[PDB]
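Working notes, structure below.
Here Cβ is always computed from backbone atoms with ideal geometry, including for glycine, and neighbour counts include all displayed protein chains. FYI, it's all coordinate maths here, none of it is from the lab.
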Amino acid sequence: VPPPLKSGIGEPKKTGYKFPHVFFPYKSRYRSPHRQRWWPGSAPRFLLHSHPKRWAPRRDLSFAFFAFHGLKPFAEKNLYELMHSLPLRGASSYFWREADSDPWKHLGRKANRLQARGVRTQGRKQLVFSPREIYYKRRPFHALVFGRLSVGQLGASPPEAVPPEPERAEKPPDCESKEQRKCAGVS
Amino acid sequence: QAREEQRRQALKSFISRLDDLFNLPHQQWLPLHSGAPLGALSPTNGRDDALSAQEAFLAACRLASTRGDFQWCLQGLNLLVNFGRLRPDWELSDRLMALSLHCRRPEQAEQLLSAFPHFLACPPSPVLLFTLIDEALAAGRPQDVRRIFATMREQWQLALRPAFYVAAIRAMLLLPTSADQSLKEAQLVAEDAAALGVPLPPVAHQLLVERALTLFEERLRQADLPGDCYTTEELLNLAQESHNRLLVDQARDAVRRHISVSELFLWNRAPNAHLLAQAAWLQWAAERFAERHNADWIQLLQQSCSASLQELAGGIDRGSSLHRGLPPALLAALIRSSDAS
Amino acid sequence: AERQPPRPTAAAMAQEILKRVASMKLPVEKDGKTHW
Amino acid sequence: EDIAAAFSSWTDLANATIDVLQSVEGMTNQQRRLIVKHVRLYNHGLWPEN
RNA sequence: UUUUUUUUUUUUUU
RNA sequence: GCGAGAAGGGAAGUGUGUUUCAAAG
RNA sequence: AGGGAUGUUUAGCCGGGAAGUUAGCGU
């Protein structure tokens, strides 16, 4: 059965609807554009169903309860959550996205799609983000971070690192790139 | 029943009632801010005329003075956060830290230091953090002050302090371990205080370390043990090294604190004689053999023979170290060497 | 112009590589401009 | 291992038609359409190193 | 007018 | 992001349809 | 004497969205 609908933190109480959509009794193949994404092999809607209201008994309440965001796994920690614990709010640092452990790329119903090449039978140039201005609306998962986006070349070391690039000035300080997953930096 | 009935009833109702308030639409909720500024009838009117969400929650937190009510307060906190009505500030971080303490829950207090920066803007007050260190010492648990110190130090947000380094040292020497084991762990913290920005400890720092240094193994190895060592080189070498560190530190401290047969005591002005106590120690030898091994103090000890320094007719020291001598190192040391001889 | 010229060079030398590193911002992120 | 056992060498696999591939029971629709794609790419040298 | 903002802008008087 | 009544007989009599013409958002 | 001190609520217009509301003829 599908999970019950819940409102995210920072939102007033709303009135639940009686039916999922207008064509509830009559039609069945019609699907709403704002349908929930809970089946394995998908991603949330960011700010629609990612952070639902959290409740627990009085006994379970504690300081550590509030720090759940900052202890999330690597596969679910966003940029906002990552920059919150870093020195200087992660200012004057570098960040990049590692698209190697996505939920849909390992698990899901459509996890065996046919690509243009076929199957994978076997130093990169990944983008680097330099946060300049940081503004937190709804901590620790919400912020308007403005930074300079540039390109950088990876190294030959075992881990993913950035040797002597960024080199080229791509665009002036703009909005963030992605909000799914991010890595650390040299700083 | 004044402390039981009137206390639980008042707090229970306040949180319970508050919950119900949130159920109403946003039009009936409390304002975020106290009031509008002047920019928006005399200037004193308004400004502060309304009850804020934050103000109500913190007002009800003053009633707790037991462990049972501590849990209750947390309930209210969650409400604010979940509804987006909480503004982290200096004050917020200060009262929260203290609230746990007042409820006789030191365990919970420590957790805060490792979970504040994840959901809060400002750090706690420096005063509070220092006070918690003494809590553990009073209960008799010097082993719990090592993890709290490291987290503070590692954190960049919190400004480094020189005073903070004193507590750590003092607590390690009181651990219930062997003489060699307790001193070894203490030296690690000392060392750490010389690399990262070369911090300068207070003048009353090097004295403590030196006291036990030349007393626990040095003194012991020439009194009863050699009856007719494994780190003799390190003990002697570190003895002198400690002294050196003090000199450099003290000279640089005075410039920022208050913006100030051969002998050199003829034209040396009138320095403090307090420091000559430790430097007057005679170097016997590296080994047991004090006559066939080493060939390289009275004139130094002539400044104060009768335990009377040049204090009444000399200079004045600001924030000096212990004025007293070495009872366990001087009194029992010279007598033995003489009486027995 | 007497003592006007020497000031801006002094600030430029002390100026960092970066424009403005705003680690913390209380108000909402925006930009104001004037027209003389 | 079941599919490989039926075939003898690589020549019989590359030149295998569609009707012959249906005789073997250990071959589903997804597997059948996948094998025919690989043989067609290697023969034309379109999959040396993707 | 009140919660939500990854659709904006404006603020001076010799 | 794009497509989706592709499973519709419930309404109407001068209507639904057919025919003749026209239409440079 | 520093384990001190200092810090505390920024303002207006327009467009779109959700909950509650869904009473008005006074233009």
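What are the residues in region B:85-114 that are surrounded by fewer than 17 Cβ atoms within 10 Å (Cβ to Cβ), within 14 Å of RNA strand G (Cβ to nearest atom) and at the interface with chain A (Cβ under 9 Å from one of its Cβ atoms), if any?
Residue satisfying the conditions is B:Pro88 alone.
Being within 14 Å of chain A (Cβ to nearest Cβ), in a loop (DSSP other than H, G, I, E, B) and aliphatic (A, V, I, L, M), is that true of even one residue in region D:41-48?
Yes: region D:41-48 contains one or more residues that are within 14 Å of chain A (Cβ to nearest Cβ), in a loop (DSSP other than H, G, I, E, B) and aliphatic (A, V, I, L, M).
Can you name the residue in region A:160-175 that is in a strand (DSSP E or B) and of a type in the set (A, V, I, L, M, F, W, C) and, of all such residues, is farthest from RNA strand G (Cβ to nearest atom)?
A:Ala169
What helices (runs of 4 or more DSSP H) lie completely within region B:244-341 and have 1 or more residues being in contact with a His (Cβ under 8 Å, 6 or more places away or on another chain)?
B:276-279
Suppose the filter is facing another protein chain (nearest Cβ under 9 Å) and away from RNA strand G (no atom under 16 Å from the Cβ); does A:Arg37 pass it?
Here the answer is no, as A:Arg37 does not meet what is asked.
Starting from residues that are within 16 Å of RNA strand G (Cβ to nearest atom) and part of a loop (DSSP other than H, G, I, E, B), keep the ones in region A:133-150 and report whichever is surrounded by the fewest Cβ atoms within 10 Å (Cβ to Cβ).
Among them, the one singled out is A:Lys137.
When only residues in region A:156-187 that are within 14 Å of chain C (Cβ to nearest Cβ) and either within 14 Å of RNA strand E (Cβ to nearest atom) or of a type in the set (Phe, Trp, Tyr) (or both) count, which is farthest from C:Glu29 (Cα to Cα)?
A:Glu176
On the given criteria, is A:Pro20 farther than 22 Å from A:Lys178 by Cβ and either away from RNA strand E (no atom under 16 Å from the Cβ) or touching a strand residue (DSSP E or B) at 6+ places or on another chain (Cβ under 7 Å) (or both)?
Yes.
Of the residues in region B:116-134, how many are within 10 Å of RNA strand G (Cβ to nearest atom) and more than 15 Å from B:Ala159 (Cβ to Cβ)?
3
Exactly one condition in (1) under 33 Å from the mean Cα position of the chain (by Cα); (2) within 10 Å of chain A (Cβ to nearest Cβ); (3) within 16 Å of RNA strand E (Cβ to nearest atom); (4) assigned to a helix (DSSP H, G or I) is not met by B:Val81; state its number.
Of the numbered conditions (1) under 33 Å from the mean Cα position of the chain (by Cα); (2) within 10 Å of chain A (Cβ to nearest Cβ); (3) within 16 Å of RNA strand E (Cβ to nearest atom); (4) assigned to a helix (DSSP H, G or I), the odd one out for B:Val81 is (1).
Is it the case that B:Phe57 is among the aromatic types (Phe, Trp, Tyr) and out of contact with any helix residue (DSSP H, G or I) (no Cβ under 6 Å at 6 or more places or on another chain)?
No.
Could you tell me whether region A:17-24 includes any residue that is farther than 15 Å from B:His118 by Cβ and either surrounded by 14 or more Cβ atoms within 10 Å (Cβ to Cβ) or under 23 Å from the mean Cα position of the chain (by Cα) (or both)?
no
Among the helices (runs of 4 or more DSSP H) contained in region B:116-208, which hold 3 or more residues that are within 14 Å of chain A (Cβ to nearest Cβ)?
B:145-154
Please specify each residue of region A:44-102 satisfying the condition of being among the basic types (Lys, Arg), more than 24 Å from A:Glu160 (Cβ to Cβ) and more than 13 Å from chain B (Cβ to nearest Cβ).
A:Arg45
Going by the conditions given, is D:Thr11 more than 14 Å from chain A (Cβ to nearest Cβ), among the polar types (S, T, N, Q) and over 10 Å from the mean Cα position of the chain (by Cα)?
For D:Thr11, the condition - more than 14 Å from chain A (Cβ to nearest Cβ), among the polar types (S, T, N, Q) and over 10 Å from the mean Cα position of the chain (by Cα) - is met.
Residues in region B:14-46 that are under 41 Å from the mean Cα position of the chain (by Cα), away from chain A (no Cβ under 13 Å) and more than 16 Å from RNA strand E (Cβ to nearest atom): how many?
2
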